[PDB]
file work-v1.txt (compact mmCIF, C-alpha atoms and all ligand atoms)
# COMPACT_ATOMS: atom_id res chain seq x y z
CA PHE Y 453 95.89 137.23 89.67
CA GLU Y 454 97.26 135.12 86.79
CA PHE Y 455 97.27 131.32 86.63
CA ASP Y 456 100.21 131.35 84.19
CA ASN Y 457 102.50 132.96 86.79
CA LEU Y 458 101.46 130.67 89.66
CA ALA Y 459 103.71 128.30 91.60
CA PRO Y 460 102.63 126.17 94.58
CA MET Y 461 103.09 127.16 98.19
CA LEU Y 462 105.38 124.81 100.13
CA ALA Y 463 105.48 123.40 103.67
CA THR Y 464 108.26 123.46 106.24
CA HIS Y 465 109.44 120.19 107.75
CA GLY Y 466 108.46 120.05 111.39
CA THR Y 467 106.43 118.33 114.09
CA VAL Y 468 102.66 118.76 114.19
CA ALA Y 469 102.06 117.14 117.59
CA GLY Y 470 101.83 120.17 119.85
CA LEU Y 471 99.87 122.34 117.43
CA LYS Y 472 96.36 123.27 118.55
CA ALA Y 473 93.14 123.06 116.54
CA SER Y 474 92.23 126.63 117.52
CA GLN Y 475 95.02 127.95 115.27
CA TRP Y 476 95.76 125.02 112.93
CA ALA Y 477 93.91 122.83 110.45
CA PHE Y 478 95.30 119.35 109.74
CA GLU Y 479 95.29 117.56 106.40
CA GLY Y 480 96.55 114.18 105.32
CA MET Y 481 99.85 114.16 103.46
CA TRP Y 482 99.21 112.64 100.01
CA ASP Y 483 102.14 111.14 98.07
CA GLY Y 484 101.78 112.15 94.43
CA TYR Y 485 102.62 115.02 92.07
CA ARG Y 486 101.65 118.58 92.97
CA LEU Y 487 99.37 120.26 90.43
CA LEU Y 488 97.78 123.66 90.01
CA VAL Y 489 94.57 123.21 88.04
CA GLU Y 490 92.75 125.89 86.04
CA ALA Y 491 89.19 124.96 85.04
CA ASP Y 492 87.40 127.30 82.61
CA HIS Y 493 84.57 126.62 80.13
CA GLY Y 494 84.74 122.93 80.99
CA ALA Y 495 88.41 122.81 79.93
CA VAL Y 496 91.31 122.05 82.24
CA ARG Y 497 94.90 123.32 82.20
CA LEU Y 498 97.66 122.04 84.48
CA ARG Y 499 100.86 123.43 85.99
CA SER Y 500 103.47 121.29 87.71
CA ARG Y 501 105.51 122.31 90.74
CA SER Y 502 108.23 123.56 88.35
CA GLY Y 503 105.74 125.85 86.57
CA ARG Y 504 105.87 123.63 83.50
CA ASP Y 505 102.72 123.25 81.40
CA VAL Y 506 101.84 119.60 82.01
CA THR Y 507 98.28 119.52 80.61
CA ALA Y 508 99.19 116.92 77.99
CA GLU Y 509 100.74 114.62 80.60
CA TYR Y 510 97.37 114.01 82.34
CA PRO Y 511 94.57 113.08 79.92
CA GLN Y 512 92.84 111.37 82.86
CA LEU Y 513 92.20 114.84 84.31
CA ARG Y 514 90.52 116.28 81.21
CA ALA Y 515 87.10 115.38 82.61
CA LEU Y 516 87.87 117.21 85.88
CA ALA Y 517 86.02 120.36 84.82
CA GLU Y 518 83.26 118.70 82.78
CA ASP Y 519 81.25 118.95 86.01
CA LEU Y 520 82.53 122.52 86.56
CA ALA Y 521 81.52 123.76 83.11
CA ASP Y 522 79.89 126.97 84.38
CA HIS Y 523 82.72 127.80 86.81
CA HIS Y 524 86.12 129.40 86.42
CA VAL Y 525 88.36 128.08 89.20
CA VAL Y 526 92.00 127.59 90.13
CA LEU Y 527 92.63 124.65 92.45
CA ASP Y 528 95.71 123.39 94.24
CA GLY Y 529 96.12 119.72 95.03
CA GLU Y 530 97.84 116.43 94.33
CA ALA Y 531 97.58 114.05 91.40
CA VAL Y 532 97.54 110.58 92.96
CA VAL Y 533 97.45 106.90 92.09
CA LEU Y 534 95.86 104.76 94.79
CA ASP Y 535 97.40 101.48 95.96
CA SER Y 536 95.39 98.36 96.80
CA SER Y 537 94.73 99.75 100.29
CA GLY Y 538 93.26 102.94 98.81
CA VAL Y 539 96.25 105.11 99.78
CA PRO Y 540 98.12 107.43 97.36
CA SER Y 541 101.38 105.76 96.31
CA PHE Y 542 104.30 107.76 94.99
CA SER Y 543 105.93 104.73 93.36
CA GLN Y 544 102.68 103.76 91.62
CA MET Y 545 102.37 107.32 90.33
CA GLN Y 546 106.00 107.32 89.17
CA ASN Y 547 105.50 103.97 87.42
CA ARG Y 548 102.02 104.59 86.06
CA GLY Y 549 101.01 103.25 82.69
CA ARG Y 550 98.36 104.13 80.14
CA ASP Y 551 95.70 102.10 82.02
CA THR Y 552 96.52 103.45 85.50
CA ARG Y 553 93.77 105.51 87.10
CA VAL Y 554 94.88 108.98 88.23
CA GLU Y 555 92.85 111.20 90.57
CA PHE Y 556 93.20 114.84 91.52
CA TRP Y 557 92.76 115.48 95.25
CA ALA Y 558 92.17 119.19 95.75
CA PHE Y 559 93.27 120.94 98.93
CA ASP Y 560 93.17 124.64 98.09
CA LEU Y 561 91.08 127.08 96.07
CA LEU Y 562 92.97 130.08 94.72
CA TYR Y 563 90.39 131.68 92.42
CA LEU Y 564 86.63 131.26 92.14
CA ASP Y 565 84.35 132.90 89.57
CA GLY Y 566 85.97 136.33 89.59
CA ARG Y 567 87.34 136.26 93.14
CA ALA Y 568 91.08 135.80 93.58
CA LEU Y 569 91.68 134.19 96.98
CA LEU Y 570 95.42 134.49 97.72
CA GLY Y 571 94.80 136.99 100.52
CA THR Y 572 91.80 135.13 101.92
CA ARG Y 573 92.52 133.14 105.09
CA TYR Y 574 92.94 129.38 104.72
CA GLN Y 575 89.90 128.70 106.90
CA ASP Y 576 87.71 130.68 104.50
CA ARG Y 577 89.27 129.29 101.30
CA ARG Y 578 88.56 125.81 102.67
CA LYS Y 579 84.87 126.53 103.28
CA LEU Y 580 84.56 127.83 99.72
CA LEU Y 581 86.35 124.75 98.36
CA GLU Y 582 84.14 122.40 100.38
CA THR Y 583 81.00 124.13 99.08
CA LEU Y 584 82.25 123.86 95.50
CA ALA Y 585 83.08 120.18 95.93
CA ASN Y 586 79.78 119.32 97.64
CA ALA Y 587 78.00 120.41 94.44
CA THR Y 588 80.35 118.78 91.89
CA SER Y 589 82.60 115.75 91.23
CA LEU Y 590 85.71 117.51 92.55
CA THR Y 591 87.48 115.42 95.22
CA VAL Y 592 88.31 117.36 98.41
CA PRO Y 593 89.56 115.21 101.29
CA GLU Y 594 88.23 116.37 104.64
CA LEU Y 595 90.32 117.86 107.41
CA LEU Y 596 91.50 115.67 110.27
CA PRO Y 597 89.72 116.48 113.54
CA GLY Y 598 91.42 117.29 116.80
CA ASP Y 599 94.67 118.87 117.83
CA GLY Y 600 97.94 117.94 116.13
CA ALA Y 601 98.62 114.75 118.06
CA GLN Y 602 95.10 113.42 117.47
CA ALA Y 603 95.26 114.33 113.78
CA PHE Y 604 98.65 112.62 113.46
CA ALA Y 605 97.30 109.51 115.18
CA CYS Y 606 94.32 109.44 112.83
CA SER Y 607 96.58 109.76 109.80
CA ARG Y 608 98.71 106.89 111.07
CA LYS Y 609 95.67 104.63 111.55
CA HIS Y 610 94.63 105.29 107.95
CA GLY Y 611 98.08 104.32 106.67
CA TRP Y 612 98.66 107.78 105.24
CA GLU Y 613 102.19 109.17 104.84
CA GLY Y 614 101.80 111.99 107.36
CA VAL Y 615 100.08 115.30 108.05
CA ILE Y 616 100.29 118.85 106.73
CA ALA Y 617 99.25 121.41 109.32
CA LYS Y 618 98.10 124.73 107.87
CA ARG Y 619 97.44 127.85 109.92
CA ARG Y 620 93.75 128.73 109.84
CA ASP Y 621 94.56 132.45 109.43
CA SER Y 622 97.19 132.00 106.70
CA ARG Y 623 97.25 133.53 103.23
CA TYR Y 624 98.39 131.62 100.13
CA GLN Y 625 101.99 132.50 99.20
CA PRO Y 626 102.78 131.22 95.69
CA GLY Y 627 106.27 129.88 95.16
CA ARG Y 628 107.34 130.17 98.80
CA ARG Y 629 108.02 127.68 101.58
CA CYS Y 630 106.33 129.08 104.67
CA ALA Y 631 106.19 128.62 108.43
CA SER Y 632 102.38 128.64 108.17
CA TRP Y 633 102.44 125.13 106.62
CA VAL Y 634 104.16 122.32 108.53
CA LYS Y 635 104.77 118.85 107.05
CA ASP Y 636 105.36 115.79 109.24
CA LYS Y 637 105.73 112.11 108.28
CA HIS Y 638 105.21 108.98 110.39
CA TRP Y 639 108.38 107.32 109.07
CA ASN Y 640 111.96 108.45 109.16
CA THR Y 641 113.08 108.82 105.54
CA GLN Y 642 116.58 108.61 104.07
CA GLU Y 643 117.89 109.47 100.63
CA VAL Y 644 120.06 106.72 99.18
CA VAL Y 645 121.96 106.06 95.94
CA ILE Y 646 121.18 102.89 93.99
CA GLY Y 647 124.26 100.75 93.41
CA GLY Y 648 122.67 97.64 91.97
CA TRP Y 649 119.48 95.68 91.54
CA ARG Y 650 118.17 92.13 91.79
CA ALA Y 651 115.28 90.53 89.92
CA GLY Y 652 112.04 89.40 91.55
CA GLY Y 659 111.34 92.37 86.94
CA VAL Y 660 113.22 94.29 89.66
CA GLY Y 661 112.75 92.55 92.99
CA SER Y 662 114.99 94.77 95.07
CA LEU Y 663 117.62 97.48 95.06
CA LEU Y 664 120.98 97.57 96.79
CA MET Y 665 121.28 100.99 98.46
CA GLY Y 666 124.26 103.05 99.51
CA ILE Y 667 125.35 106.34 101.05
CA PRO Y 668 128.22 108.03 99.16
CA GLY Y 669 131.46 108.15 101.08
CA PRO Y 670 135.19 108.24 100.52
CA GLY Y 671 135.97 105.15 98.50
CA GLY Y 672 132.43 104.64 97.21
CA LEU Y 673 128.91 103.82 98.32
CA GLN Y 674 128.57 102.60 101.90
CA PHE Y 675 126.11 99.71 101.58
CA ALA Y 676 122.90 100.48 103.47
CA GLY Y 677 120.95 97.30 102.72
CA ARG Y 678 118.58 95.76 100.25
CA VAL Y 679 115.23 97.49 99.77
CA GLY Y 680 112.38 95.51 98.29
CA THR Y 681 110.44 97.33 95.59
CA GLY Y 682 107.04 95.99 96.72
CA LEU Y 683 106.48 94.78 93.14
CA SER Y 684 104.01 96.30 90.73
CA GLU Y 685 105.40 94.15 87.91
CA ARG Y 686 105.35 97.57 86.26
CA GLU Y 687 107.53 99.29 88.83
CA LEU Y 688 110.06 96.74 87.60
CA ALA Y 689 109.67 97.23 83.83
CA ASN Y 690 109.96 100.97 84.41
CA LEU Y 691 112.62 100.89 87.13
CA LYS Y 692 114.57 98.55 84.83
CA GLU Y 693 114.18 101.23 82.16
CA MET Y 694 115.83 103.91 84.32
CA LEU Y 695 118.54 101.48 85.48
CA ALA Y 696 119.42 100.05 82.05
CA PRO Y 697 121.60 102.98 80.80
CA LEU Y 698 123.64 102.70 84.02
CA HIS Y 699 124.58 99.01 83.88
CA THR Y 700 128.23 98.31 84.62
CA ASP Y 701 130.51 95.46 85.66
CA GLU Y 702 132.17 97.66 88.30
CA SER Y 703 130.71 97.62 91.79
CA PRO Y 704 130.25 101.15 93.19
CA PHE Y 705 130.45 100.01 96.82
CA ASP Y 706 133.38 100.75 99.12
CA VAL Y 707 133.62 97.07 100.19
CA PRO Y 708 132.71 94.19 97.81
CA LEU Y 709 129.18 93.19 98.73
CA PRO Y 710 128.75 90.01 100.80
CA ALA Y 711 127.70 86.91 98.88
CA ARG Y 712 124.01 86.96 99.86
CA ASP Y 713 123.63 90.61 98.84
CA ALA Y 714 125.59 90.15 95.58
CA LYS Y 715 123.68 87.09 94.35
CA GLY Y 716 122.04 87.82 91.01
CA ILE Y 717 123.05 91.48 91.12
CA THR Y 718 123.40 93.86 88.21
CA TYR Y 719 125.59 96.77 89.28
CA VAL Y 720 124.83 100.33 88.18
CA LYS Y 721 126.75 103.56 88.02
CA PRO Y 722 125.83 105.40 91.27
CA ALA Y 723 123.76 108.07 89.54
CA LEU Y 724 120.19 107.58 90.83
CA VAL Y 725 118.86 108.86 94.15
CA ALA Y 726 115.89 107.18 95.83
CA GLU Y 727 114.05 107.76 99.08
CA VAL Y 728 113.37 104.96 101.54
CA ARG Y 729 111.58 104.79 104.86
CA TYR Y 730 113.26 103.09 107.79
CA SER Y 731 112.90 102.58 111.51
CA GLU Y 732 116.49 102.97 112.70
CA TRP Y 733 120.04 102.49 111.50
CA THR Y 734 121.87 99.42 112.68
CA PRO Y 735 125.32 100.01 114.20
CA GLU Y 736 126.81 98.46 111.02
CA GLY Y 737 125.16 101.13 108.85
CA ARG Y 738 122.12 99.25 107.53
CA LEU Y 739 118.55 100.56 107.35
CA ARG Y 740 116.10 98.54 109.44
CA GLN Y 741 112.50 97.99 108.33
CA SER Y 742 113.21 99.69 105.03
CA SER Y 743 110.55 100.41 102.45
CA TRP Y 744 110.64 101.96 99.00
CA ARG Y 745 109.18 105.42 98.59
CA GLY Y 746 110.43 106.05 95.05
CA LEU Y 747 113.06 107.59 92.82
CA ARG Y 748 114.07 111.23 93.40
CA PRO Y 749 115.11 112.22 89.86
CA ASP Y 750 116.13 115.80 90.66
CA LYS Y 751 118.29 114.98 93.68
CA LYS Y 752 121.99 114.54 93.10
CA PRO Y 753 124.09 111.75 94.62
CA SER Y 754 126.59 114.39 95.79
CA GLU Y 755 123.85 115.82 98.05
CA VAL Y 756 123.01 112.49 99.74
CA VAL Y 757 124.12 112.43 103.39
CA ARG Y 758 123.14 110.31 106.37
CA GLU Y 759 120.22 112.14 107.97
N1 LIG A 801 97.52 117.98 101.86
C1 LIG A 801 98.61 118.54 101.32
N2 LIG A 801 98.77 119.87 101.28
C2 LIG A 801 99.85 120.45 100.76
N3 LIG A 801 100.88 119.76 100.26
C3 LIG A 801 100.85 118.40 100.27
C4 LIG A 801 99.68 117.71 100.78
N4 LIG A 801 99.88 116.38 100.66
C5 LIG A 801 101.11 116.24 100.09
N5 LIG A 801 101.68 117.45 99.87
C6 LIG A 801 103.00 117.69 99.23
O1 LIG A 801 103.71 116.46 99.38
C7 LIG A 801 105.05 116.72 99.80
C8 LIG A 801 105.20 116.12 101.20
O2 LIG A 801 106.43 116.50 101.80
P1 LIG A 801 107.80 115.70 101.47
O3 LIG A 801 108.85 116.11 102.45
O4 LIG A 801 107.50 114.27 101.09
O5 LIG A 801 108.07 116.50 100.11
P2 LIG A 801 109.33 116.49 99.13
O6 LIG A 801 108.80 116.29 97.73
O7 LIG A 801 110.41 115.60 99.69
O8 LIG A 801 109.77 118.03 99.36
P3 LIG A 801 109.01 119.39 98.93
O9 LIG A 801 108.36 119.93 100.19
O10 LIG A 801 110.14 120.23 98.38
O11 LIG A 801 107.98 119.02 97.87
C9 LIG A 801 105.24 118.22 99.75
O12 LIG A 801 105.61 118.59 98.43
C10 LIG A 801 103.84 118.70 100.00
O13 LIG A 801 103.62 120.03 99.54
call {"tool": "encode", "arguments": {"input": "work-v1.txt", "output": "structure tokens"}}
result
Amino acid sequence: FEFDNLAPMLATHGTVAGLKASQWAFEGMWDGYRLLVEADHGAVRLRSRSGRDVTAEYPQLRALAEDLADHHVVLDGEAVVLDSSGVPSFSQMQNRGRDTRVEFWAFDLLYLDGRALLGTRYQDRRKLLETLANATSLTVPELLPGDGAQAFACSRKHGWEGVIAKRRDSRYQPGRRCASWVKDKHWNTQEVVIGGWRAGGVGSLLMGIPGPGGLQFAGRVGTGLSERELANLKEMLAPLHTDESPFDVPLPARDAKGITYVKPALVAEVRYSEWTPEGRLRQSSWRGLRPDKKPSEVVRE
């Protein structure tokens, strides 16, 4: 076992309603950044999903192990920023500033005080993690009770993004996406390319799907407004400003009012209920930017 070779295990997109509690545990899906956390001698070290050393990017998490000073542990979990409803928000994480509070929500334990746990079944790793957290300041969200449909319904009532089901008998497989973990969201989600923006900072974004002849306008998506989402989103949009509309049809007057067009370089993810027959996203909401996705990969899902 070696923390410096570790990469997170990944979940397969699927449906959790139908899965039974006898074989499956159910966790809330937390929007944030995935972190592997090594705590030793009261000091913390961090690895991102890409294996990069990101310890310096999270000074908020330095105190994580000050309560664990006698332990040597490796944890898996999510760094999160909570919205005003208490729910992890990806956009608030992406737009965090120097005063923004960041938490680490742990959901796995991969090494504990001389015992490497990759081959230990999830159900047993969880009990060890819960015991560790009950005695310290580590934050370990509880499992959702019931079978998959009940767990999904509970997640929805809380306003959480979805559920991750994890097989109770499953080992931890670093760096692999596995059938033993199933991820399921309440909302349909669609990748879109940003073609322009309107002020309230940045009040809203004009979305499109790449096609022959340019972006096919998919509607305006409100940002929700952090008044820092906007200063930061403006920052990412500023190098892309252009006088040339990227859309395949010049935008209608109401959608073009006050618009700054951008080169169609940035992918974002939005939630939606259904497509309209004209190609617009109904009940859209902003999840956040997807900086590693390429516009050429964006297709109507
Ligand atoms: N409780 C949890 N246990 C494990 N992973 C979680 C949990 N909560 C959130 N995640 C992570 O959040 C993401 C939720 O799935 P989603 O489809 O939004 O991911 P993504 O970033 O689009 O794709 P990927 O699965 O490649 O990360 C996954 O990365 C998942 O591993």
call {"tool": "residues_near_ligand", "arguments": {"input": "work-v1.txt", "ligand": "ligand LIG 801 (chain A)", "cutoff": "9 Å", "atoms": "only C-alpha atoms and all ligand atoms", "output": "JSON, numbers by chain"}}
result
{"Y": [460, 461, 462, 463, 464, 465, 478, 479, 480, 481, 482, 483, 484, 485, 486, 501, 528, 529, 530, 557, 558, 559, 560, 593, 613, 614, 615, 616, 617, 618, 629, 633, 635, 636, 637, 641, 727, 748]}
call {"tool": "atom_distance", "arguments": {"input": "work-v1.txt", "atom1": "atom CA of residue 573 of chain Y", "atom2": "atom CA of residue 561 of chain Y"}}
result
11.0 Å
call {"tool": "atom_distance", "arguments": {"input": "work-v1.txt", "atom1": "atom CA of residue 457 of chain Y", "atom2": "atom CA of residue 511 of chain Y"}}
result
22.5 Å
call {"tool": "closest_residue", "arguments": {"input": "work-v1.txt", "among": "Y:729, Y:745, Y:638, Y:699", "to": "residue 466 of chain Y", "atoms": "only C-alpha atoms"}}
result
Y:638
call {"tool": "closest_residue", "arguments": {"input": "work-v1.txt", "among": "Y:549, Y:722, Y:716, Y:652", "to": "residue 697 of chain Y", "atoms": "only C-alpha atoms"}}
result
Y:722
call {"tool": "atom_distance", "arguments": {"input": "work-v1.txt", "atom1": "atom CA of residue 564 of chain Y", "atom2": "atom CA of residue 594 of chain Y"}}
result
19.5 Å
call {"tool": "closest_residue", "arguments": {"input": "work-v1.txt", "among": "Y:754, Y:540, Y:650, Y:489", "to": "residue 590 of chain Y", "atoms": "all atoms listed in the file"}}
result
Y:489
call {"tool": "residues_near_point", "arguments": {"input": "work-v1.txt", "point": "(87.9, 138.5, 88.1)", "cutoff": "12 Å", "atoms": "all atoms listed in the file", "output": "list in words"}}
result
residues 453, 454, 455, 523, 524, 525, 526, 562, 563, 564, 565, 566, 567, 568 and 569 of chain Y
call {"tool": "decode", "arguments": {"input": "work-v1.txt", "residues": "segment 725-748 of chain Y", "atoms": "C-alpha atoms", "output": "JSON list (two decimals), in the first residue's frame"}}
result
[["chain", "number", "residue", "atom", "x", "y", "z"],
["Y", 725, "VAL", "CA", -18.27, 23.41, -21.68],
["Y", 726, "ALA", "CA", -20.74, 23.61, -18.80],
["Y", 727, "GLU", "CA", -23.22, 21.17, -17.31],
["Y", 728, "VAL", "CA", -26.83, 22.09, -16.71],
["Y", 729, "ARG", "CA", -29.78, 20.24, -15.23],
["Y", 730, "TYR", "CA", -33.08, 20.23, -17.09],
["Y", 731, "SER", "CA", -36.48, 18.59, -17.05],
["Y", 732, "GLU", "CA", -37.08, 17.97, -20.75],
["Y", 733, "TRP", "CA", -36.17, 19.37, -24.14],
["Y", 734, "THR", "CA", -38.77, 21.46, -25.90],
["Y", 735, "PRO", "CA", -39.53, 20.48, -29.51],
["Y", 736, "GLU", "CA", -37.67, 23.65, -30.60],
["Y", 737, "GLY", "CA", -34.47, 22.45, -28.91],
["Y", 738, "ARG", "CA", -34.55, 24.44, -25.66],
["Y", 739, "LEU", "CA", -33.85, 23.10, -22.16],
["Y", 740, "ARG", "CA", -36.83, 23.40, -19.81],
["Y", 741, "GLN", "CA", -36.38, 24.11, -16.09],
["Y", 742, "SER", "CA", -32.66, 24.56, -16.59],
["Y", 743, "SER", "CA", -30.24, 25.11, -13.74],
["Y", 744, "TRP", "CA", -26.51, 25.71, -13.59],
["Y", 745, "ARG", "CA", -24.33, 22.91, -12.29],
["Y", 746, "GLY", "CA", -20.97, 24.44, -13.24],
["Y", 747, "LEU", "CA", -18.13, 24.63, -15.72],
["Y", 748, "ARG", "CA", -16.57, 21.38, -16.98]]
